[PDB]
Structures are given as C-alpha cells and as structure tokens.
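Visitor: This is protein10.pdb, which holds PDB, C-alpha atoms:
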```pdb
MODEL        1
ATOM      1  CA  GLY D   1      13.824 -14.481 -45.314  1.00  0.00           C
ATOM      2  CA  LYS D   2      10.190 -14.896 -46.234  1.00  0.00           C
ATOM      3  CA  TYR D   3       7.734 -15.800 -43.466  1.00  0.00           C
ATOM      4  CA  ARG D   4       6.719 -14.005 -40.272  1.00  0.00           C
ATOM      5  CA  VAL D   5       5.626 -16.825 -37.971  1.00  0.00           C
ATOM      6  CA  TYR D   6       3.064 -16.164 -35.236  1.00  0.00           C
ATOM      7  CA  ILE D   7       2.367 -18.937 -32.726  1.00  0.00           C
ATOM      8  CA  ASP D   8      -1.117 -19.597 -31.345  1.00  0.00           C
ATOM      9  CA  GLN D   9      -1.005 -20.066 -27.574  1.00  0.00           C
ATOM     10  CA  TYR D  10      -4.179 -22.155 -27.284  1.00  0.00           C
ATOM     11  CA  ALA D  11      -3.820 -24.577 -30.204  1.00  0.00           C
ATOM     12  CA  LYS D  12      -6.272 -27.450 -29.879  1.00  0.00           C
ATOM     13  CA  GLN D  13      -4.416 -30.396 -31.433  1.00  0.00           C
ATOM     14  CA  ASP D  14      -1.820 -29.275 -34.039  1.00  0.00           C
ATOM     15  CA  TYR D  15      -1.627 -27.213 -37.238  1.00  0.00           C
ATOM     16  CA  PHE D  16       0.261 -24.655 -39.258  1.00  0.00           C
ATOM     17  CA  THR D  17      -1.670 -22.068 -41.267  1.00  0.00           C
ATOM     18  CA  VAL D  18      -0.001 -20.140 -44.089  1.00  0.00           C
ATOM     19  CA  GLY D  19      -1.440 -16.793 -45.127  1.00  0.00           C
ATOM     20  CA  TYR D  20      -0.766 -13.866 -47.433  1.00  0.00           C
ATOM     21  CA  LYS D  21      -0.359 -10.175 -46.656  1.00  0.00           C
ATOM     22  CA  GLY D  22      -0.144  -7.161 -48.933  1.00  0.00           C
ATOM     23  CA  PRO D  23       1.089  -3.572 -48.796  1.00  0.00           C
ATOM     24  CA  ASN D  24      -2.383  -2.013 -48.592  1.00  0.00           C
ATOM     25  CA  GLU D  25      -5.105  -2.613 -46.011  1.00  0.00           C
ATOM     26  CA  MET D  26      -7.471  -4.064 -48.614  1.00  0.00           C
ATOM     27  CA  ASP D  27      -4.901  -6.764 -49.392  1.00  0.00           C
ATOM     28  CA  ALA D  28      -5.853  -9.398 -46.810  1.00  0.00           C
ATOM     29  CA  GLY D  29      -8.421 -12.111 -46.188  1.00  0.00           C
ATOM     30  CA  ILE D  30     -10.321 -10.724 -43.202  1.00  0.00           C
ATOM     31  CA  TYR D  31     -11.121  -7.153 -42.181  1.00  0.00           C
ATOM     32  CA  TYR D  32     -11.339  -6.046 -38.552  1.00  0.00           C
ATOM     33  CA  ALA D  33     -13.102  -2.703 -38.874  1.00  0.00           C
ATOM     34  CA  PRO D  34     -13.103  -0.779 -35.580  1.00  0.00           C
ATOM     35  CA  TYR D  35     -16.113   1.255 -34.491  1.00  0.00           C
ATOM     36  CA  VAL D  36     -17.099   3.081 -31.281  1.00  0.00           C
ATOM     37  CA  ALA D  37     -14.511   2.103 -28.674  1.00  0.00           C
ATOM     38  CA  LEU D  38     -14.930   0.837 -25.115  1.00  0.00           C
ATOM     39  CA  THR D  39     -17.774   2.614 -23.353  1.00  0.00           C
ATOM     40  CA  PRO D  40     -17.378   3.664 -19.687  1.00  0.00           C
ATOM     41  CA  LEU D  41     -20.941   2.838 -18.686  1.00  0.00           C
ATOM     42  CA  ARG D  42     -21.818   3.494 -15.038  1.00  0.00           C
ATOM     43  CA  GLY D  43     -24.841   3.547 -12.764  1.00  0.00           C
ATOM     44  CA  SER D  44     -26.366   2.566  -9.450  1.00  0.00           C
ATOM     45  CA  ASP D  45     -29.458   0.775  -8.151  1.00  0.00           C
ATOM     46  CA  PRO D  46     -31.600   2.765  -5.666  1.00  0.00           C
ATOM     47  CA  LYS D  47     -32.767  -0.238  -3.678  1.00  0.00           C
ATOM     48  CA  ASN D  48     -29.389  -1.539  -2.492  1.00  0.00           C
ATOM     49  CA  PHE D  49     -27.246   1.555  -3.320  1.00  0.00           C
ATOM     50  CA  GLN D  50     -24.249  -0.570  -4.270  1.00  0.00           C
ATOM     51  CA  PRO D  51     -22.519   0.718  -7.429  1.00  0.00           C
ATOM     52  CA  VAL D  52     -22.241  -0.986 -10.821  1.00  0.00           C
TER
ATOM     53  CA  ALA H   1     -22.301  -5.123  -5.391  1.00  0.00           C
ATOM     54  CA  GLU H   2     -19.763  -7.791  -4.509  1.00  0.00           C
ATOM     55  CA  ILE H   3     -19.631 -10.451  -1.813  1.00  0.00           C
ATOM     56  CA  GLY H   4     -17.256  -9.771   1.061  1.00  0.00           C
ATOM     57  CA  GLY H   5     -18.785 -10.981   4.285  1.00  0.00           C
ATOM     58  CA  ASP H   6     -18.150 -11.539   7.952  1.00  0.00           C
ATOM     59  CA  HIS H   7     -15.553 -13.741   9.514  1.00  0.00           C
ATOM     60  CA  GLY H   8     -17.966 -16.340  10.906  1.00  0.00           C
ATOM     61  CA  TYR H   9     -18.900 -15.067  14.352  1.00  0.00           C
ATOM     62  CA  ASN H  10     -16.632 -17.423  16.270  1.00  0.00           C
ATOM     63  CA  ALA H  11     -13.075 -16.718  17.353  1.00  0.00           C
ATOM     64  CA  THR H  12     -11.534 -19.573  15.358  1.00  0.00           C
ATOM     65  CA  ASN H  13     -12.750 -18.138  12.049  1.00  0.00           C
ATOM     66  CA  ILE H  14     -11.795 -14.592  13.066  1.00  0.00           C
ATOM     67  CA  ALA H  15      -8.290 -15.898  13.826  1.00  0.00           C
ATOM     68  CA  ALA H  16      -6.729 -15.288  10.398  1.00  0.00           C
ATOM     69  CA  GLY H  17      -9.190 -15.534   7.501  1.00  0.00           C
ATOM     70  CA  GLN H  18     -11.974 -17.912   6.493  1.00  0.00           C
ATOM     71  CA  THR H  19     -14.601 -15.429   5.350  1.00  0.00           C
ATOM     72  CA  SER H  20     -17.783 -16.123   3.374  1.00  0.00           C
ATOM     73  CA  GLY H  21     -16.952 -14.286   0.145  1.00  0.00           C
ATOM     74  CA  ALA H  22     -13.567 -13.642  -1.479  1.00  0.00           C
ATOM     75  CA  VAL H  23     -11.683 -11.010   0.509  1.00  0.00           C
ATOM     76  CA  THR H  24      -9.773 -13.475   2.687  1.00  0.00           C
ATOM     77  CA  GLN H  25      -8.157 -11.410   5.413  1.00  0.00           C
ATOM     78  CA  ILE H  26      -4.651 -11.173   6.824  1.00  0.00           C
ATOM     79  CA  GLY H  27      -5.759 -11.119  10.449  1.00  0.00           C
ATOM     80  CA  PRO H  28      -7.097  -8.880  13.208  1.00  0.00           C
ATOM     81  CA  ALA H  29      -4.900  -5.921  14.105  1.00  0.00           C
ATOM     82  CA  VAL H  30      -3.206  -6.304  17.483  1.00  0.00           C
ATOM     83  CA  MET H  31      -3.928  -3.598  20.065  1.00  0.00           C
ATOM     84  CA  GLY H  32      -2.046  -4.361  23.272  1.00  0.00           C
ATOM     85  CA  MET H  33      -1.536  -6.612  26.269  1.00  0.00           C
ATOM     86  CA  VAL H  34      -2.985  -6.526  29.789  1.00  0.00           C
ATOM     87  CA  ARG H  35      -1.718  -8.306  32.898  1.00  0.00           C
ATOM     88  CA  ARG H  36      -2.181  -8.392  36.654  1.00  0.00           C
ATOM     89  CA  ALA H  37      -0.437  -5.715  38.691  1.00  0.00           C
ATOM     90  CA  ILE H  38       1.936  -6.348  41.607  1.00  0.00           C
ATOM     91  CA  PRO H  39       0.167  -6.263  45.004  1.00  0.00           C
ATOM     92  CA  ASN H  40       1.466  -3.775  47.540  1.00  0.00           C
ATOM     93  CA  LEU H  41       3.286  -4.659  50.759  1.00  0.00           C
ATOM     94  CA  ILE H  42       2.063  -3.904  54.276  1.00  0.00           C
ATOM     95  CA  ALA H  43       5.068  -2.005  55.684  1.00  0.00           C
ATOM     96  CA  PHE H  44       7.530  -3.608  58.020  1.00  0.00           C
ATOM     97  CA  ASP H  45       7.467  -1.074  60.890  1.00  0.00           C
ATOM     98  CA  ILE H  46       5.163  -3.306  62.970  1.00  0.00           C
ATOM     99  CA  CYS H  47       7.829  -5.841  64.008  1.00  0.00           C
ATOM    100  CA  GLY H  48      11.581  -6.187  64.488  1.00  0.00           C
ATOM    101  CA  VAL H  49      13.940  -5.844  61.542  1.00  0.00           C
ATOM    102  CA  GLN H  50      17.154  -6.755  63.348  1.00  0.00           C
ATOM    103  CA  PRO H  51      19.560  -8.364  60.844  1.00  0.00           C
ATOM    104  CA  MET H  52      21.710 -11.418  61.526  1.00  0.00           C
TER
ENDMDL
END
```
So, in terms of structure tokens, how does the structure I just supplied come out?

Guide:
Amino acid sequence: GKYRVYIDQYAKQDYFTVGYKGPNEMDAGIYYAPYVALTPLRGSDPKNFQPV
Amino acid sequence: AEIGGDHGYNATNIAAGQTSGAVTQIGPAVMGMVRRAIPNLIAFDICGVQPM
C-alpha cells in the first residue's frame, strides 16, 4: 500500500534505496531536463566513399 | 565503412564461412552438376546377330 519498488538490474553488491516523490515535477531530488533530441547526423568521406 | 572481407582464397575457407571480418557466411550457392556422357555404340550390322 505505500511503496513502488523498482529493481536495479546491474546492482554491484547489495542495497535498497528509499526515495520520495511528489505530485508536481519540482517535488523530487534530481531533475532530468530534456533538450534537443537525437540528431540524425550523416555524411561521407570523399577518399574512400564509404558512408558514415 | 565496416569490415566484411573475403573468404580466404582457398577452397576450405570458402566452404561455409571463415571470413576476415564479421559477416560470416552461410555458404556458396549451388549451381548444378556435370557428369560424363554415355559413349555411343558402333552398330551391329557388321556381324551376325543370330539368337540362340
């Protein structure tokens, strides 16, 4: 009734980490602020012609 | 822009796979089969063909 447990796949030795969450997006400990998304960069080299 | 390569120029490598990069092949595509033909017969009208 209280905790949403998320399991870390790659745990090193052993631990459990309890955290808090709020109703807003400010109410947290860390912020992941997105910016410009994945960039489809392309090109080619005109001395071997193989793409990149 | 990636390493494929040649099946090492000897029939044993070209058998199934064993390339130089990482494209390891299934195997050469079969084409057909060739065999000797049946030699022809020199008549039999030059002798006797009397049955027994």

Visitor: One decimal, in Å: what's the spacing between CA of residue 49 in chain D and CA of residue 2 in chain H?

Guide: 12.0 Å

Visitor: To one decimal place in Å, what is the distance between CA of residue 48 in chain D and CA of residue 1 in chain H?

Guide: 8.5 Å

Visitor: List the residues matched by the PyMOL selection byres ((chain D) within 12 of (chain H)) in the displayed structure as a tab-separated table (two decimals) with C-alpha atoms, in the coordinates of the input, ordered by chain and then by residue number.

Guide:
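After the write, expr-v1.tsv holds the following:
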```
chain	number	residue	atom	x	y	z
D	43	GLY	CA	-24.84	3.55	-12.76
D	44	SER	CA	-26.37	2.57	-9.45
D	45	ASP	CA	-29.46	0.78	-8.15
D	47	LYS	CA	-32.77	-0.24	-3.68
D	48	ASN	CA	-29.39	-1.54	-2.49
D	49	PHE	CA	-27.25	1.56	-3.32
D	50	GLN	CA	-24.25	-0.57	-4.27
D	51	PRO	CA	-22.52	0.72	-7.43
D	52	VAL	CA	-22.24	-0.99	-10.82
```

Visitor: What does the distance from CA of residue 16 in chain D to CA of residue 29 in chain D come to in Å, to one decimal?

Guide: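 Interatomic distance here is 16.8 Å.
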
Visitor: Any chance you could work out the residue set of the PyMOL selection byres ((chain H and resi 6-13) around 12) here, as a ChimeraX atom specification?

Guide: /H:3-5,14-28

Visitor: For C-alpha atoms, I'd like the residues from the last selection saved as a PDB file, keeping the file's coordinate frame.

Guide:
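Resulting contents of again.pdb:
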```
ATOM      1  CA  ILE H   3     -19.631 -10.451  -1.813  1.00  0.00           C
ATOM      2  CA  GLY H   4     -17.256  -9.771   1.061  1.00  0.00           C
ATOM      3  CA  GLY H   5     -18.785 -10.981   4.285  1.00  0.00           C
ATOM      4  CA  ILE H  14     -11.795 -14.592  13.066  1.00  0.00           C
ATOM      5  CA  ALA H  15      -8.290 -15.898  13.826  1.00  0.00           C
ATOM      6  CA  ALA H  16      -6.729 -15.288  10.398  1.00  0.00           C
ATOM      7  CA  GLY H  17      -9.190 -15.534   7.501  1.00  0.00           C
ATOM      8  CA  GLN H  18     -11.974 -17.912   6.493  1.00  0.00           C
ATOM      9  CA  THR H  19     -14.601 -15.429   5.350  1.00  0.00           C
ATOM     10  CA  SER H  20     -17.783 -16.123   3.374  1.00  0.00           C
ATOM     11  CA  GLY H  21     -16.952 -14.286   0.145  1.00  0.00           C
ATOM     12  CA  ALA H  22     -13.567 -13.642  -1.479  1.00  0.00           C
ATOM     13  CA  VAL H  23     -11.683 -11.010   0.509  1.00  0.00           C
ATOM     14  CA  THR H  24      -9.773 -13.475   2.687  1.00  0.00           C
ATOM     15  CA  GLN H  25      -8.157 -11.410   5.413  1.00  0.00           C
ATOM     16  CA  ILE H  26      -4.651 -11.173   6.824  1.00  0.00           C
ATOM     17  CA  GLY H  27      -5.759 -11.119  10.449  1.00  0.00           C
ATOM     18  CA  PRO H  28      -7.097  -8.880  13.208  1.00  0.00           C
TER      19      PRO H  28
END
```

Visitor: I'd like the box whose edges run along x, y and z of the file and which contains every listed atom of range 41-51 of chain H, padded by 6 Å per side; could you state its centre and edge lengths in Å, one decimal, as AutoDock Vina command-line options?

Guide:
```
--center_x 10.8 --center_y -4.7 --center_z 57.6 --size_x 29.5 --size_y 19.3 --size_z 25.7
```
